[PDB]
Structure formats: C-alpha cells, structure tokens
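A.B. asks: Experimental structure and sequence below, a few questions after.
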Amino acid sequence: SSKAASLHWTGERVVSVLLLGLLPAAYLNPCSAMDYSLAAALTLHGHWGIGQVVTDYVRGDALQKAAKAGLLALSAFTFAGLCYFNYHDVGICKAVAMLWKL
Amino acid sequence: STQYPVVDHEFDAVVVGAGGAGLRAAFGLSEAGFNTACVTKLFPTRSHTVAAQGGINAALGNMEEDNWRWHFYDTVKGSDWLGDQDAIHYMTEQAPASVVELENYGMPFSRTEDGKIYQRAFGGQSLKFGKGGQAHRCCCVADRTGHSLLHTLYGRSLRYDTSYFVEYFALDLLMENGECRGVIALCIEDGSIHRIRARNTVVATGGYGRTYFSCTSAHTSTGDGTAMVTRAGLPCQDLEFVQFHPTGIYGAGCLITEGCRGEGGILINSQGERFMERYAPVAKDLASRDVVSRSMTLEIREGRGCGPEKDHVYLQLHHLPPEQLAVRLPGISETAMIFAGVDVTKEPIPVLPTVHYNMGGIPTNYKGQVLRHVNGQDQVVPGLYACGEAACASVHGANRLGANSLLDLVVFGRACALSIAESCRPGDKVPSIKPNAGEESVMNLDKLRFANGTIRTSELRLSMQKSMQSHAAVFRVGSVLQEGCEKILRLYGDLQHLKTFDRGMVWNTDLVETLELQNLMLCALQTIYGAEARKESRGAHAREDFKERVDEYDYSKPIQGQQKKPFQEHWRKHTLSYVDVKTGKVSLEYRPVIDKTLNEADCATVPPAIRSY
Amino acid sequence: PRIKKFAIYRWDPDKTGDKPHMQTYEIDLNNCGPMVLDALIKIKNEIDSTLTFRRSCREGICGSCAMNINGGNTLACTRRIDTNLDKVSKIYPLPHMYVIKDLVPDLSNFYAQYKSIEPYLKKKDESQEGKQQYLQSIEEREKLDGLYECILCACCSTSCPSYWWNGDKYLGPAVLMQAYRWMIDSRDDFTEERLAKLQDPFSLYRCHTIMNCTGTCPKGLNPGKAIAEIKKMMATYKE
Amino acid sequence: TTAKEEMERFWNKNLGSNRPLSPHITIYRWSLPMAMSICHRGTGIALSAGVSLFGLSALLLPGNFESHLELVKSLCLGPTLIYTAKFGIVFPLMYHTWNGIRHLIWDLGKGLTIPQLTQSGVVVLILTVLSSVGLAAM
Ligand SMILES: *Cc1cc2c(cc1C)nc1c(=O)[nH]c(=O)nc-1n2C[C@H](O)[C@H](O)[C@H](O)COP(=O)(O)OP(=O)(O)OC[C@H]1O[C@@H](n2cnc3c(N)ncnc32)[C@H](O)[C@@H]1O
Ligand code: HEM
Ligand SMILES: CN(C)Cc1cccc(NC(=O)c2ccccc2C(F)(F)F)c1
Ligand code: SF4
Ligand code: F3S
Ligand code: FES
C-alpha cells in the first residue's frame, strides 16, 4: 500500500524551491557550507530532471535499464566532482566570483 | 457469397442500439445474468440521446407535492387519446423509481435548496389532473441532461460483461418461421459480415428524422430498426405521426430546448405581441408541441414573417435574468452563438417548427414485446423486443408530451430486460439458424457496394427529403398528400438506378449511407401513405380538409343517447403499415388503442375529451 | 461566387500500395454551410463520395467529427470556414493516431483507457441503491461544472505531445479529467483508491503541463487544470 | 472483455497492419506556450550538461582552477567579446529559473487559463532578457 510516485513528484518540487532559495543565498552568504548544499541540490534536481526525459523518450526494457544506470553513473561522478572541487579547490561560490570579474 | 466471410456469434440476448433505451436494456440483461451483446453503428456516446437538452419527467415531488397519476393524465391528454393507457400507466408509475435509479448510477442532476433533484416546468404538464395549474416535474442536468444520461448509462454499463459491437451496422433481423433468431450485421472496420444469433432481440435504434430536409435529429437518425421490421413483413405503427418541435434554429436546423419556454421563454410574432396567448389561453406558450407549432407554422401563412426573407419566427430571451441563463440553460447559450451567431442574454433566437420526434415505430407491449397483427387480433413475435423512439408502445400516441422520451427510454429499456429475465433464463437453448440464412441481406449489401446507376445516393436522398418537407409538413391536405405519395413511390423505383463510387471493404461511408437510404425510404412510404389515408385532425397529424377529431363517439356532447361507431368507421385506432419490399406497395391495417390500465383501482382510465389548453 | 480550397488527408486501405497523400477540393461558399463539416459533407455528397469521415449530431455535442483543422484539434461542425479565399484549409486526422481510413482514427486505446479509470458511482454500501435518491448540496454540484460536460472527442489527449510519445501507458487529458470528475463527486466513496490507481510514473505523472489540451478543447474545458489538481490530491491524501 | 484486454488487442491489431500514423509534429500549429516548454527542456538539459562538464573535468583534468583561468587569459579578453560568453551562460540559466517558478506556480494550482498562460509566459520571457543583461554587466 505504498505511494512512491507521488512522493517522488513531491520531492522534485521541494528540491526545486530549495535550489531557487539557494541561488540568492549563495550570492548573499558565499561559504564552504553553501558550496556543498549547492553541490547537493544542483546534482539531485538535475538527476531527477533527466530522469523524466529518459522516461519520456527512451522506449524499451533493455534501453531504459541502461539509460537509468548510465545517468546514475554520471550523477554520481558529477556530485563527486563537485565535492572534490569544494574540498581541494576554491569551491563553487569562489569559482563563479573569480570567473565573473574577468 | 464467397466474397464475404461470415463469422457467427452465439449470445443469450442481442440489443441493437446504444442510445438511452439501447444501453439500459443492454446492461440490464447483463445485470440479470444474461450473456448480452450490444450492436451499434456509432460509439455509444455519439448516440443522439446525447443531443438531449430538456429533461426527464418524474413525479418525485421535489418542487411542490406531486402525484404520478397526475403525470399519467398529462401524458394521455397529450396523446390525444391514441396513447395506450396500459403503457402510460407502467411508465408514469416507474417514473420516480427509474430516475432515482439513474441518480444512483452517478447522473449529476442539478440540485435544489434541499439538495434533491431539480425539477422544472415543461410543455403540457399540469397538477391535479389539469385543474391545479402549472406542474414542475422535469428533472434535468442543467441543459445537458441527455448528454449526462447517456454518459452515466454508458459509464455504468462498463461494470458488466456486455459484448459491445462498436461501429457495426445492423442490416436485417435473422428471422425463421415468425420467431426471431437475432441480427445479421456489417462490420464497418474490416467490411466483414457477422450473424449474431440469440434467444431474444431488442431493437432500440431511435427515430427516422432524416426522412425530411429540416430535422433537429442527427445525421444517423435513419430509422434502421424500423426498416428491419418491415423487411421481415412485420407491421409498423402510427408512422404518419411525426412531431414538429416548435423551436429549432432556422439555419443549420439545430435545436434549442423546450426548457427555454419552461423557465420563462416567450414567443414573438410580427407585431411583437405574445401570440401564443391568442391561441392557447390556459397553458399559453407552454402548451403541447402539436398546438404550439400549429400556431407558428400558420403565422407565416398569414404573412406575419420575422426573418430576412420572412420564414422563421422568434423565441425571446431578452428579459430573462443573466445569472439564470448560466446554471439552468448554459448549453443553449453556446449553441445559439455558434450557428445563429446570437448572444442569448440580449438577442432573441430565430426559430422554425422542424421535425423532432417519431412517436410512431415498432408496435410494442407494455412489457416491451413486438406485436404482429393476425386475424384482427394482437400476437407477440417470439424473441423480438423493441424500446425507445424506434418502438411504439404508444406511450406518446398521437403527440409526445414534453420531456417524456428520455423517460420512455429508461423505463422501456428496463422493461425489455425484465420481460426476458422472467420468460427465460440465461444459458437456455439458443435456437439455430439456417446455414444459408440472411444471405439476401449480404446480396443486398453486395449490390449497393458495386452499384452503378444514373442517380447518386446524395441526390436521391435530397429528392426524398424535399418531397416530404413540402407534402408532409405540419399542415397537409389530401390533394397535396396524394401527389407526395406517388412522388415517393416513384423514388423507390429509382433505387435501382443508384450510383456508388467507394468500392472498398474498410469504412465505406458511401455504402452505409446508401443502406441508410433504403431504410429512410421504407420509413417515408409508410409515413406518407398512412398520412393520406387517415382522414382526421388528431395530435400532430392535422388535416385542413378533415379538421375534426374523429372518435368512436362524439365526445363533445354527453355520453348516453349515442350509437357507437363501428371500428372500421372512426379513426381512434393505430395505423399498422406494411410494405412489399420488391414493389414498394403500402398496405394498411388498423388495431384498437388500449384504454384499460394495469390497475383501475390504483389508476383510473381517462376517457376521451376535448383537446384544448 | 466565392471559391474556397480544401486540402484533405487521404488514405485507402483497400487500394494496394496506397501511400498517404493530400487531395484538394474546391467549393462554392454561396450554396454551402458556414462550418467545416458542412463543407466536408458537401464534397462527400457531390465532388467525391469516397471521403470517409465520422459525423453525427452536427451540433458540437457528440464528438464524432473531431479532427485537426489548420493545426488544431476541434470539431468540424463547430469550426466555421475561414472566408479568406487565398488561404487553403488543411484538414488532417487527429495527431499521432493510427489511420483506419482517411480522417478516421483508431480510438480503441482511447476508449479503453476511459474504461480503466472506472467512470461510475461507487458507494461502499450499494445494498440501498435504486430506492433512495442520494443527497448532494448545491455547492457540491458546482464542483462538477467544467468537468461533466466533456464529450470525449479526444481532441485534447491527441494534442498532447506526451500522449503522442506515451499513448500506451499515459492516460491523457480527456481520461484524467474524468478520473478527477469522479474524485470530487460528493456521492463517490472510492476517492482514495481512485488516486492509488495512479501511483505509477506513467498513468498521471507523464504530464508536464504543456497545456495543449485546454488550448485545443472545442468545448472550452480545462483538463490540464484538473490534472494539476489531481497531482495536488496525490501529495495530500493519506492512508 | 476488460479494459486491459482492449489495450492489449489494440496494439496487436495496429502494429500487425499497414495502417499509417497520422502526422503530428509536421502539422500541429505552434504557439508561445508550446515553444516555451521545448526551451525549458533544452535549458534544463544544457544546464545539466554544463554542471556535469564542470564536475567531471575536476576529477579528470589536472591542475587547479586558477591554472585553467590563466589558460583562458591567453586570448584577448575583448570587452564585448567576453560579454558573449558571459551572456551565453546566464541566458539559459535565467530563462529556466524564471520559467521554473512559473512551473511551480502551476503545480500549486494557479494561473492555468489560456490568457494567464500567455501573460505569464511573456513576463518570464521579459524577466530573462533583463536579468541576463543585468548579470552580464556585473
Ligand atoms: C432530436 C432530439 C431529440 C430530443 C432532444 C434533443 C434532440 C436534438 N432532447 C430531449 C430531451 O432533452 N428530453 C427528452 O425527453 N427528449 C429529447 N429528445 C428525444 C430523445 O432525446 C431521443 O428520442 C432519444 O435520445 C432516443 O434514444 P434511443 O436510445 O431510442 O435512440 P438513440 O439515442 O438515437 O440511439 C440509437 C443507437 O442505436 C445505434 N444504431 C442505430 N442504427 C443502427 C444500426 N444501423 N446498426 C447498429 N446500431 C445502430 C446507434 O449506434 C445509436 O447509438
Ligand atoms: C533555481 C532555478 C531552477 C528552478 C526554479 C527549476 C525548476 C524546475 C522544475 C520545477 C522542473 C520540472 C518541470 C516539470 O517537468 O514539471 C525543472 C525541469 C528541469 N530542470 Fe530545473 N530548475 C532550476 C534550475 C536548474 C538547473 C541549475 C539545472 C541543471 C542541473 C536544471 C535542470 C533541469 C532538468 C534536466 C529538467 C527536466 C526537463 C523537463 O522535463 O522539462 N534546473 N526545473
Ligand atoms: C507541439 N509541437 C508540434 C512541438 C513539439 C514537438 C515534439 C516534442 C515536443 N515537446 C516535447 O517533447 C516535450 C517538451 C517539454 C516537456 C515534455 C515533452 C514531452 F512530454 F516529452 F513531450 C514539442
Ligand atoms: S476535455 Fe475537451 S478536448 Fe478533451 S475530450 Fe472532453 S471536450 Fe474533447
Ligand atoms: S496537453 Fe498533455 S501535457 Fe499535461 S497538461 Fe497537457 S495533459
Ligand atoms: S458531429 Fe457531433 S460533434 Fe461534430
């Protein structure tokens, strides 16, 4: 008696308003703590985003199995790539700031 | 014939029709436990019944306190005493029970202050047997009542295992030695032919409005079941009685409801006077359909026109409240804007009396059984039933009362189901049909498929429609009816010279409309010949030469010192019409109207009286 | 005399190797009706009696003559002909549908989807039905306005780009609005499980509010609005 | 017959027959609401591709971020030429942000009439051009 499809839709709209809130929050309070939460919301929303595109156009049992895996691999590498950048490099907030006044 | 694959189907019951009556009868049998098939040439929702706007009559007593016996009186008074009172009794008593049934199925009726089903006034309905003034018993779903009826009847029919033969044109009745065996039908999708056989057959194919040039009915109202009956040599009843709805848009021929007049609509002539009070003082513009249209059609002959070329009259909604024309009648608010280009809240609607209802049809019991006529007496056709507009239990008789058909549908659809449920059980002996049976229908199909004459289907249809429009209008004289008769008979011979272009199996709309033409013609002949033979002014059938209403007594004076007229000397009787298929000859018989009720103590017989409001 | 040009989609299944093509018919507008169906029947009656199409009420209250005229899914009997003679009216069948013949689509899947939502009144105790009329307050009746009027022309669903790509697993605008129609009905007891029947990613959640449904509706109805209202019920309902 | 059986027999009939699919993308008339949903997909995909390229290069390509900035500085930093790159990044991002709010307004249940749709569609389209020029000037 589970409702997984409704909760997933709800989860999408929650991270949407979270990502909407984080963009001006990053401009106002740029820090390491805002970098990871921006790395979390940015990858998640996008991963669920393409997830919809995949379920829409990709037709097949063998193809959707591979597409959802390949997307997950990309999303995992994207989150790891950002976290590495937040830890060992300047971080998202500082990188945009440097790139802008160029 | 070695060109056509025949696939035989075996069922307990076959209902031909997916309208109101068609559907109610269909799933009612499945609910009773019967293996039921439903043969329809349209998708069930496209059935006319969808176009219904007015309402459905029931003496639920939601506005004032009402009695179904008062509704009984209004129907028989409206039927000009050609209505069979055994059938009117059954319907009026079942009226409240059958509506409650629909609302419980999920029909979204408009609501009251109390929360019950909204009823409203309608043409020819009166409390306390005509004495108590205006009556409010017409149950409606805003202005889209027939639409909602059909949808919730269809919706409910998905709950049962009824085999729907969607878009299957039923050609002829499978008949063997009087007893009915089922139907032979063309599948429109792949052009194949199917012999669907059953124990009992229910014909519910609606009216034949397309016999005329101007009708409110749909393009698919072609009296197909009517034709199937006459091709079996069985009689049709009261076919000359065609109802001319007083209010229908002059342009495309569409319909605005009688509910326009029910809420507070007024009819305006040349001067601007309420001309309906000049004809009928008591009921006014909310009188019976035969009386209101009689006024309007004669008003044009006075020279009192209203249109650009002076042909149509008026129904005015200039004064009606704006908020009332949003919750009560929103359906006509949009449909008048499209075809006529008329805003309903400020501009009046242009209307003309046009063909609306066929109260005639297949002769029927109060139990829904089809009746053949042998030795001047009635006789039931075994395994053959009919309900709705295509039928004629003569609940409407000579003139249909306003908003009674949608009732007639639900009640007699149910009645056909109940009569089968009692006479036999599901899984009984389904009688076998000859291996070479229905072959003439297949051969007929093949002849029209490869037809190559001189007159096209459309041109001959137009020639039939215009002939009926000028010869069998609201008013008609024996002189003009005689010319119309031989004119229609001439066009029946013209069927040999038919031209068909589409030669395909899949979806041959050229062929099915030509099949429809055969059916339409056979309806037309019986309508026009019966009309010319009937020498009286009864109900909708009005004769200028025979203006008198001829009964078995002269009911104007007291019933005492009067010698009763013989059966074959008056005209208070049903017109039974036969037609020889090969020569087009129309032969007529007559059977008496039923005056007795199902219970005298519960509902007394209403004897004939003067017909005026 | 005013001559209007009509370019119509034509396909015959009974003709061997016949590929889909356009066929032009010219019509005098003086002796013809104002609506497109009036024109369609005029060429059917006179010019070519092979043009196979669905018609019934000619009133805009049945939904047979539903088709794509000038890139929009509307009823042919409701759509009036453009009096501009220089423009040629292009008439097509309902978008992304299997063509049986000419402008006649296979709506079998469409109707079947409408059967799967169970569009009929469901009470938890149906032993008392057929004798008592169910009470519904005048305000609860207002709730059904804009929803019951649906004619099932399939115009809205067949305009949805998502219903093109996923017609098999996504119910579509027309069908979903009817599911909603039976959800808010105060007489229906099965409001909860009617929502639970949509708990897969395809039945309801294939909508992305493209809004082609409400935009093309010939009856002016708003299925998309209702669909968004369903989504709201899905996140709020408990048990 | 049942609802699931009708769907199962639908596809079996049509796929095993030479019936053509009626045209759809070729014939259907465009509108602003229509076009604006294509862009939201496009921008969403382009932005996800941008984020992914930024993340994936961090793990694959050697050096720190400052090393990559000096690599861009090799070419002439044109005042209006670098504006093209600065505008081309924000333009899709801001469109998707503004249109994303409109989507959220919809999911909330509000603004789903045909007039309101074309109204709010313009508002989103205008806010984009303003915010994209406004951020590139920073
Ligand atoms: C013409 C009209 C009548 C009307 C009305 C509005 C219009 C435009 N509004 C009414 C109203 O508001 N209240 C009322 O009491 N009456 C009203 N009327 C009359 C009434 O609506 C109709 O008489 C009634 O709908 C008739 O119902 P019925 O079920 O008897 O007939 P149907 O609706 O036309 O359905 C017929 C079905 O049978 C199938 N069919 C027909 N021919 C064949 C053949 N060839 N083979 C197989 N199937 C066939 C059709 O598919 C159709 O579904
Ligand atoms: C803060 C600003 C943003 C807001 C308000 C927002 C909001 C939304 C919402 C609500 C959706 C779902 C639309 C639907 O299908 O109903 C969506 C789609 C999508 N978004 Fe975002 N988003 C934002 C930024 C981003 C970013 C930065 C990315 C890049 C990673 C992104 C990638 C996507 C993708 C891939 C889709 C799916 C495309 C589609 O199905 O239309 N979004 N956006
Ligand atoms: C309506 N035209 C003719 C344009 C056209 C053509 C092809 C696809 C699309 N639009 C989509 O493909 C689309 C866009 C945004 C969200 C969801 C979708 C969809 F659900 F997957 F269908 C539009
Ligand atoms: S919601 Fe509108 S477009 Fe969709 S089927 Fe109903 S009337 Fe047609
Ligand atoms: S046309 Fe399809 S996109 Fe959803 S609101 Fe739209 S139903
Ligand atoms: S034919 Fe009835 S809607 Fe066009």
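C.D. replies: Arrived safely. Residues are numbered from 1 along each chain as shown, chains lettered A, B, ... in the order given. Ligands and ions are numbered 1, 2, ... in the order given.

A.B. asks: and residue 64, how many neighbours does it have?
C.D. replies: Chain wasn't specified; assuming chain A. 13 (other Cβ atoms under 10 Å in any protein chain shown). The C-beta positions use only the backbone N, C-alpha and C, and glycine is treated the same way.

A.B. asks: if you could check chain D rather than the one you did, that'd help
C.D. replies: 12.

A.B. asks: Thought residue A:89 was touching it, still the case?
C.D. replies: Yes - look at residue D:64 against residue A:89 with Cβ atoms under 8 Å: they come within range, at 5.8 Å.

A.B. asks: Excluding residues flanking it in the chain, which one is nearest residue B:443?
C.D. replies: Leaving out its chain neighbours, the residue that sits closest to residue B:443 by Cβ to Cβ, 6 or more residues apart in numbering or on different chains is residue B:1, at 6.4 Å.

A.B. asks: contacting residues around that neighbour?
C.D. replies: By Cβ atoms under 8 Å, 6 or more residues apart in numbering or on different chains, the contact set of residue B:1 is B:439, B:442, B:443, B:446.

A.B. asks: what sits against the residue in chain A positioned nearest to ligand 1?
C.D. replies: Residue nearest to ligand 1 within chain A: residue A:59 (36.1 Å; Cβ to the nearest ligand atom). With contacts taken as Cβ under 8 Å, 6+ apart, residue A:59 has no neighbouring residues.

A.B. asks: Angles on the backbone of residue C:24, please.
C.D. replies: Here is the backbone geometry of residue C:24 (degrees, to the nearest 10): phi -100, psi 130.

A.B. asks: For it, which residues count as its bridge partners?
C.D. replies: Beta bridges link residue C:24 to residue C:7, judged by DSSP bridges.

A.B. asks: For it, the count of nearby residues, please.
C.D. replies: Residue C:24 has 9 neighbours, counted by other Cβ under 10 Å.

A.B. asks: With residue C:186 instead?
C.D. replies: Neighbours of residue C:186 under the rule other Cβ under 10 Å: 14.

A.B. asks: same check, this time on residue D:87
C.D. replies: When counting by other Cβ under 10 Å, one arrives at 15 neighbours for residue D:87.

A.B. asks: go on, the one 10 residues further on?
C.D. replies: For residue D:97, the count of nearby residues is 19 (other Cβ under 10 Å).

A.B. asks: mind checking how far it is from residue D:132?
C.D. replies: Using Cβ to Cβ, to the nearest Å, one obtains 10 Å as the distance from residue D:97 to residue D:132.

A.B. asks: hmm, back to that, tell me if the residue nearest to residue B:443 really is in a helix.
C.D. replies: No - under DSSP: H, G, I helix; E, B strand; the rest coil, residue B:1 sits outside any helix and is assigned coil.

A.B. asks: Next one: it from chain D, what distance?
C.D. replies: Taking Cβ to the nearest Cβ, to the nearest Å as the measure, residue B:1 falls 25 Å from chain D.

A.B. asks: Run through the strands of chain C in chain order.
C.D. replies: C:3-10, C:21-28, C:66-69, C:73-75, C:89-92, C:99-101, C:104-105 (DSSP state E).

A.B. asks: just how off-centre is the last one within its chain?
C.D. replies: Going back to what we said before, that points to strand C:104-105. 12 Å (Cα atoms, centre = their mean, to the nearest Å).

A.B. asks: Do it and chain D come into contact?
C.D. replies: Yes - using Cβ under 8 Å from any Cβ of the partner chain, strand C:104-105 reaches chain D at residue C:105.

A.B. asks: Is that strand positioned near ligand 6?
C.D. replies: No - Strand C:104-105 is not in contact with ligand 6 by Cβ under 6 Å from any ligand atom; minimum separation 13.1 Å.

A.B. asks: Thank you, goodbye.
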